[PDB]
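Peer 1: First the structure, which I've put down as structure tokens, then a few questions once you've had a look.
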DNA sequence: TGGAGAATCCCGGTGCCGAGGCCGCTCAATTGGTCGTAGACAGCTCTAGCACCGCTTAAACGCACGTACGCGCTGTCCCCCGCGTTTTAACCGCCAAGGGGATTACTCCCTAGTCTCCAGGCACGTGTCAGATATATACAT
DNA sequence: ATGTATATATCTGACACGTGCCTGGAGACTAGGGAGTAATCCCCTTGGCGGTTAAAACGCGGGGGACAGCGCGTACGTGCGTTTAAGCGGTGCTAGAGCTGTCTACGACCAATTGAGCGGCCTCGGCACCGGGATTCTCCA
Ligand SMILES: *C1O[C@@H]2[C@H](O)[C@@H](COP(=O)(O)OP(=O)(O)OC[C@H]3O[C@@H](n4cnc5c(N)ncnc54)[C@H](O)[C@@H]3O)O[C@@H]2S1
Ligand SMILES: [Zn+2]
């Protein structure tokens, strides 16, 4: 129930695919840990805002609209989930 | 009238920024960037002024223009 | 309870501009979100314009100034032209 | 003309925290603008929070949530602490 | 066999043409739940919520990698290193 | 008190950096900048009167913007194993910032 | 006709726009001409984005519109891109492009 | 009527509660405003002002002055990570910039 | 006993290594300390000035003398040391000055040494002015809060030590996180604000100030007793080497500071406490009869 | 220059879940009328933006010289990349439990709206205090 | 005897304090509706299991470029002397910013009416998927 070190779930081929989508032709070995850390920080910010929205609404589920509002607050408005 | 921003002025701005050496071709690019930034801010401020039916561009209009562009400026009221 | 969406009017506009083209549910939801966001932007800017000048009513002038402040050049000019056309055709009849 | 500002209250707070220290007029203007900006941000976030939950009122809960969303780090924690203490003292009276 | 570097461009073209979600869904959901465990305990994420989180994260990472590649090319290189990511995040006001 | 020819090219620049990062006065001549603001605003609405505080606010905003841009440009130039900021550094800094 | 949207040359709901303006906590009073203007602007912007998306779909040998077409339409037009710079379209992907030096020589 | 003791005095604050209540009501943020919202908002504003002013006074002490100027406010803000994050987009007028010189630009000693 | 010669900066324009250790005849020294005692016993505002000649008796070498660190670093290479700041045994003069403050005769003290032995001797910190600094004191960069440590911070040039400020404030204002920099002035560095201000005030108010164990060659620290005699007042310069203001000196000694201070106390009938560890005390102790 | 291939564009067949149309209707949009006031319009004034000039002089501009840096070429080596086999766990399909989101009554406490009373807050005046500059005196060379 | 440094005095500016004046805030009050609070329903999330199998992991070799070093040209830094227009302090003028006064066109609100957009209903097809045929840079030669 207490999930641990799931950041390793973001594997080397996944970050490589993301880089290739971003136009990268060659990727250093050290890039993967840095990308994992950046993704973790971004997720922590977005999830903190979403959980704040949820807890204010007296709910116990993180609705998609909570994530949409959290992204909108941080200037990363997302279209395709309502709002 | 753009040349009023002299090379020593841009050098002083760079020194404030932290720059140690400045290529000779920096100055034109800095002038262009300044012109674009001022164009945007002035356009917003003049639109605000025209809306309020004023012939004078009040300072608060510039403050609101900057706030709209995500560059809130303190010390001028508002 | 039933929810509100701009699906019907987006459909009508799509049929008017592309009479032989469809649209996916995901694309319709994206368009609904876009319409909501642009409406919120314009309305909030109009409210700020009214509040700045001590006005208490969001008239067509506030909306015009907001749409001129939000959209870039060509988009703002076309939007303001169409809004003026709509108001003229509305008040006239 | 009747102008409104937070100058007196800022000066009172300063003299409460720094018994022997002045403040320039320009610095006072910056502080007044800062108070206005933070007030606007917190109030707007509270309004959006009220609109999301289909509520038609703003309460200490909405302001607390807005403070949590806006202020980062220990700043938000201590701001919430001070607001809660103020509200409980006010209600106790 | 292919001389190194030629299939990197092929992967670039293939993964830029397509629009699916690059990261695997289940590990990302586990990561999101682990992250959320820190703030409040025993949440219940809607599937749409985790899909939104994944879309946002993938878009953010693709944009960050594009900026990082621009920084690397500016540095007279072809390979992106952590310093390029640091530069890209610093020039954008992040961190 | 404290505890107590030609300069090598590079030391006077450091002295200038130390001097200008410890002061607060605006680093652009007020009259030419005011003329520039009037010229830029000329293209939008003619016979437009500017408050003095408006010109001062514009100057402060532009000064802060250019100083921040030059800070990012210097960081980019250092990243490229260099000391002299070039136009490509400014272009990269703006492009990463999102303005370009 | 009877409906305000019909009297104006629009397809968007003027009544719904007016109700949202009144209930949205924007101002104490809402002018009778504001809903017409706001609906007109929304209709024009939807028309523009849908026209570009449909053009992309036609160029993509597709008879419908999918998020990818919307993303391509938004990113391939400078004015809309500046308008929608801080938005991400789910399932929209990224505009295809490669750097000028990574190409084979 | 009895003696008019202001809401701020009862709350214990220094910022005005009645004024912030009026700003909330006339600001068009909600159809109605709670009776505890002005108190909480005023307390938060007072705390933030007190933090900025305390750091500015420390800055002025370090700079050898007895009067706060915009430079002291800028130094107080940019030297605190939380305030810098909160005030990231602001440009405090006449505040200058922090004294930052990159290590690479510094000269190399151990001469002679 | 780490030397503040290379630690300060490579630039060192001392230009003083030939220092004849002139010693006074015992009878002339006795008469001079006698007249100094007669003057000081009646002078009200008395402020002292301790340099790096007092702690030479402790064991840490001086700077300018024949055994001075700078002297050895200039003439060849032979820096000799015996003790350490942690093990630094306070000199009898430190406790003598502590007693002088206790009885209230010592109005103020403006030292320029670095070991902080006066602070470790229990001298009220509100009465001292460590112009150059003190190793056992690290101050918070942010809020200028000063911490007395029992172990040397171990840094030079006003630099971060690695510990964050650990004091808190009222109203819920967040506890500070200052870098906790050190206190020792490198060449061409500013003095400590109101410590220097208090030293100037005390020396101006001092109608009789005696400067001990210092050559007075250094900035302000050697100039305070110049101002102690301007606008009135007498200056007594007790030092072996010829000081930079002997021409302006109203008195002079050639002998051990320990011996002359002991004779001064014996004439005054005053006794001396016998050192301690880091028994630091800040608030001014009440005057004694 | 030429020649074999992995991967890619494209033609033919086609069937399911999603796009598209039907329709009853029920709550929201529409028409007409009443009333208070927010703002349209006109006046007055006097604040401050604007225009111009003379004198000071701090800064801008042009040139000269040299060195510190940028830039390019060349040579490791080492660190990725591409490919092939193992294996590791995602993915999908289906099924169960039950928590928690969503809707519905009752109601009751809280806040909008009014009115009256009056001290807190602002505009102005002022004098006092602090800081900076200039002059005079004393000391040193 | 002259030059420089320090100290004291005077002048100017800015601001904290003091004062009267007024209007926006506090106390007391009532009415009604927003939202607590409890009950009920069932949608969707969690959880599990099992099979096929797509993608991750690991190893191995080679070859591409990262990086360091060295050498050459020249562009910028620094300095100096000549220019010039910014800065400051004057007056002198007037466009229009801000306030006030008056009145009416318009938005809020309400009653009564009806119609159109939504939930659930079914029908039909666009393209993902499959088979193979022809085509483009890679790599080698
Ligand atoms: C930065 O910090 C350093 C510190 O603050 C002082 C150290 O030098 P001073 O104290 O100014 O002078 P100093 O070199 O100590 O001159 C005193 C002279 O006295 C001689 N001496 C040794 N022991 C003595 C006793 N017991 N009595 C009298 N004189 C004595 C020394 O040999 C020395 O010549 O400034 C620096 S810079
Ligand atoms: Zn501290």
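Quick note: numbers on chain A are straight from Swiss-Prot, i.e. 21-103, in order.
This deposition comes from electron microscopy, 3.2 Å.
Using N, Cα and C of the backbone, Cβ positions are placed for all residues, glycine too.
Straight out of Swiss-Prot:
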CROSSLNK  A:32  UFM1 cross-link
CROSSLNK  A:92  ubiquitin cross-link
MOD_RES   A:21  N6,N6,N6-trimethyllysine
MOD_RES   A:32  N6-butyryllysine
MOD_RES   A:32  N6-propionyllysine
MOD_RES   A:32  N6-succinyllysine
MOD_RES   A:45  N6-butyryllysine
MOD_RES   A:52  phosphotyrosine
MOD_RES   A:78  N6-lactoyllysine
MOD_RES   A:89  phosphotyrosine
MOD_RES   A:92  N6-glutaryllysine
MOD_RES   A:92  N6-succinyllysine
MOD_RES   A:92  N6-(2-hydroxyisobutyryl)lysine
MOD_RES   A:92  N6-acetyllysine
Peer 1: Taking 10 A as the limit, how many CB atoms besides its own sit near the CB of residue A:52 (phosphotyrosine)?
Peer 2: 18
Peer 1: Using the alpha carbons only, what distance in Å do you get between residue A:52 (phosphotyrosine) and residue A:32 (UFM1 cross-link) once rounded?
Peer 2: 6
Peer 1: Compare the Cα of residue A:45 (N6-butyryllysine) against each of the recorded positions A:21, A:32, A:89, A:92 and report the nearest.
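Peer 2: Sorting the recorded positions by distance from residue A:45 (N6-butyryllysine), the top entry is A:32.
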Peer 1: Which whole-number value in Å describes the distance between the Cα atoms of residue A:92 (ubiquitin cross-link) and residue A:78 (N6-lactoyllysine)?
Peer 2: 21
Peer 1: Which of the listed recorded positions (A:21, A:32) has the least company, meaning the fewest other Cβ atoms within 10 Å of its Cβ?
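Peer 2: So among A:21, A:32, the recorded positions given, the one with the fewest Cβ atoms within 10 Å is A:21.
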Peer 1: Out of A:21, A:32, A:45, A:52, which recorded positions come under 8 Å of chain G, measuring Cβ to Cβ?
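Peer 2: Contact set vs G: A:45.
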Peer 1: Determine, to the nearest whole angstrom, how far the Cα atom of the residue listed as 'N6,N6,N6-trimethyllysine' is from the Cα atom of residue A:78 (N6-lactoyllysine).
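Peer 2: Cα-Cα, rounded: 23 Å.
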Peer 1: Expressed to the nearest Å, what is the distance separating the residue listed as 'UFM1 cross-link' and residue A:78 (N6-lactoyllysine) at their Cα atoms?
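Peer 2: Each residue's Cα considered, the residue listed as 'UFM1 cross-link' and residue A:78 (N6-lactoyllysine) end up 39 Å apart.
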Peer 1: Go through the recorded positions A:21, A:32, A:45, A:52, A:89, A:92 for me and flag any whose C-beta is under 8 angstroms from a C-beta on chain D.
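Peer 2: It is A:89, listed by sequence.
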Peer 1: Sequence gap of 6 or more, C-beta under 8 Å: which same-chain residues meet both conditions with respect to residue A:78 (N6-lactoyllysine)?
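Peer 2: Long-range Cβ contacts: none.
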Peer 1: CB neighbours of residue A:45 (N6-butyryllysine) within 10 A?
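Peer 2: Cβ-Cβ neighbours of residue A:45 (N6-butyryllysine) within 10 Å number 22.
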Peer 1: Near residue A:89 (phosphotyrosine), which residues of its chain come within a Cβ-Cβ distance under 8 Å, counting only those 6 or more away in sequence?
Peer 2: A:69, A:70, A:73, A:103
Peer 1: According to DSSP, does residue A:21 (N6,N6,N6-trimethyllysine) fall in a helix, a strand, or coil?
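Peer 2: Going by the DSSP assignment, residue A:21 (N6,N6,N6-trimethyllysine) belongs to neither helix nor strand, so it counts as coil.
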Peer 1: Secondary structure at residue A:45 (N6-butyryllysine) (DSSP, helix/strand/coil)?
Peer 2: coil
Peer 1: By the criterion CB under 8 A from chain E, which of the recorded positions A:21, A:32, A:52, A:78 would you report?
Peer 2: none
Peer 1: According to DSSP, collapsed to three classes, what secondary structure does residue A:92 (ubiquitin cross-link) have?
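Peer 2: DSSP assigns residue A:92 (ubiquitin cross-link) to helix.
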Peer 1: Including all protein chains shown, what's the count of other C-beta atoms within 10 A of the C-beta of residue A:92 (ubiquitin cross-link)?
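Peer 2: Taking every protein chain into account, the count is 18.
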